[PDB]
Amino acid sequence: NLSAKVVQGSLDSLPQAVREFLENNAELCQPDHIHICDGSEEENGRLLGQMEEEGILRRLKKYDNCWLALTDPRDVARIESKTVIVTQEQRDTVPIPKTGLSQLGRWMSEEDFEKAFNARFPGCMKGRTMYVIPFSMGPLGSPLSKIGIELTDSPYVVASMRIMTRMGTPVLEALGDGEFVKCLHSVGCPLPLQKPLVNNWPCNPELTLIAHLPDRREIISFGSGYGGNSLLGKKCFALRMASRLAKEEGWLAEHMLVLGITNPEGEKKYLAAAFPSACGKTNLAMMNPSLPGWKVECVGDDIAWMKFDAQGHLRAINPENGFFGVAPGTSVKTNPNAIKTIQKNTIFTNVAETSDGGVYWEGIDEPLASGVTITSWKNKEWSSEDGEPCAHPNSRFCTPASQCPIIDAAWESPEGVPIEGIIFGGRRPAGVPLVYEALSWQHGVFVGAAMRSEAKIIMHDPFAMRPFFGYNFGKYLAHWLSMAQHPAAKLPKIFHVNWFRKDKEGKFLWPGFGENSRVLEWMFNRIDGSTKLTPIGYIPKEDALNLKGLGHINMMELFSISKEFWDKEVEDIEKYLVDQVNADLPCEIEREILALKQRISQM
């Protein structure tokens, strides 16, 4: 039977529910063969070899075991509009807005999703191998860890999951007969190929659909090989699906980096931060701090799962096993710890390649040796005179977290690390000071709710979760507010930052990167108990921020809070929240809108 198609592993070695899931989907998708992944190095080398032979990956000979994938340019990013959550009731998924369409997610009915599924998956893996990836989100064991099984027809997804999650036989052994999240993925190009293949990279942009069915604990993704769409444990499972589980179960799943910072007297605090795409999470999470005697260590750079412990501390774990980082802009100067991490055992996707088999991208800040030339991510000889970047702007590296030279010693502790501060922020060229602190938990929640970031357009992205809410955002806001009624809660201090304020010539007012350690110092000491009151929150008192070692900073413009700007600001925040959240907007947030307007009117 099915057994005849198994080219690695044994159906009999699978827990029955895992076997049933495989059986059902192999019948449906009709793969030519089945490969049960073991997660071993030998399997990995095997799959990289096969991918090299097929044109899927090229070896980057400048490094130890690094590889490059070039994709079809139509498949290079998440597609929000093609990403949906399916529930019986729309309101469980997104609030019904007052006007317009929701910008807080995209719901699809059970009925409509069945019709989409049936138009896509039957026979989709014909001519291909279906891989079975058992994976753990969180340390193989932890109270806070969840397991999934991802079936995929993409060896690129396999090797990337090996890095981004704990994967293989040991997870199946830990899972036993427990529950798991059912993850089904196909690139959507059964053989014989019906359309042209670009760069040997199969995709089906026209039918691409990334679906989440929380009541069935299933994630079903079709048409795209790109990481956000195909690495189902990460955005789909560890943010979307998990956020809903978290609300139902008394925990949180957030688009937050977690770092541990130590001062020159040995006192160490963990901080979590939510920033949208392009706003600097990875840079902060593995910061090399400029301030002497301080240290930063990385727990995670993208996703945090957080739950109150028995003494009321909000404990975080990083459910990922690796870093899926934006490559362009990464340099020894801007993120030397990232450059160090990616020197070996790394898969890059859509970056440029030098003639000595090195990588390259905008902002790498590394002059080429004599005679060395660049091949762009489109496989063309490239020069800076061509009018297009050598690397796609959202090109990535996918690298083992264990390789970060400052990876925190508790990054895999099953008890998690206690969060003392939560930081929000984004790109705001005007009006928003470098840093401010919320006035209370409810105000902090409002600060998160109110986030906006420049992407020439400025968009709302509350809690940096806009594309990732697994359920109604008004109920997510209520869930966060409810933390303040948790018995003996030790609530983290909330801050909002802006590394990106500009002067009138568009130049940054703050140098950023490692110098952001000065901002962290301020937060660290605020957590320990000074401040200047303003209508938007506390800012540092005059001279409180440590500027020793910097050239001149225009502190007055950087911390400027204009009534005109903020009148406009709160008017925009009100309109957005009342319109988009509507009947689901918690009263506490209403009070905060009004309270800020009241405070601003007094200036």
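Each form is matched to the other, and the largest set of C-alpha atoms that superpose within 1.5 Å is called the rigid core. Residue numbers run from 1 along the displayed sequence.
Rigid core superposition, C-alpha RMS per stretch in 6 other deposited structures of this protein: which comes out larger, 352-360 or 506-514?
Between the two stretches, 506-514 moves farther in 6 other deposited structures of this protein.
Say the other structures are aligned on the rigid core; which stretch then has the higher CA RMS in 6 other deposited structures of this protein, 574-582 or 545-553?
Stretch with the higher C-alpha RMS distance in 6 other deposited structures of this protein: 545-553.
When you step from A455 to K456 in this entry, do you jump over none, 1 to 3, 4 to 9, or 10 or more residues of the deposited sequence that have no coordinates?
Per the record, 4 to 9 deposited residues are absent between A455 and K456.
Extent of unmodelled deposited sequence, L197 relative to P196:
Nothing is missing.
Is the mean CA B factor in the deposited entry higher across 332-340 or across 393-401?
According to the PDB entry, the answer is 332-340.
If you take the mean CA temperature factor per stretch, which one wins between 135-143 and 304-312?
Per the PDB record, 135-143.
Based on what the PDB entry reports, which of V372, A285, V326, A253 has the top C-alpha B-factor?
Comparing C-alpha B-factors across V372, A285, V326, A253, the top value belongs to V372.
From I149, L191, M164, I423, pick the one with the largest CA B-factor in the entry?
In this record, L191 carries the highest C-alpha B-factor of the candidates.
Select lowest, middle or highest to describe the third in which the CA B-factor of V519 falls within its chain in this entry.
For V519, the deposited C-alpha B-factor lands in the lowest third.
Lowest, middle or highest third of the chain for the C-alpha temperature factor of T531?
Its C-alpha B-factor belongs to the highest third of this chain's values.
Quick one: classify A583 as lowest, middle or highest third of the chain based on its Cα B-factor.
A583: CA B-factor falls in the middle third of its chain.
For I317, return the chain-relative third of its C-alpha B-factor as stated in the PDB record: lowest, middle or highest.
According to the entry, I317 has a C-alpha B-factor in the chain's lowest third.
Taking only the Cα B-factors deposited for this chain, tell me whether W382 sits in the lowest, middle or highest third.
Tercile = highest for this residue's CA B-factor.
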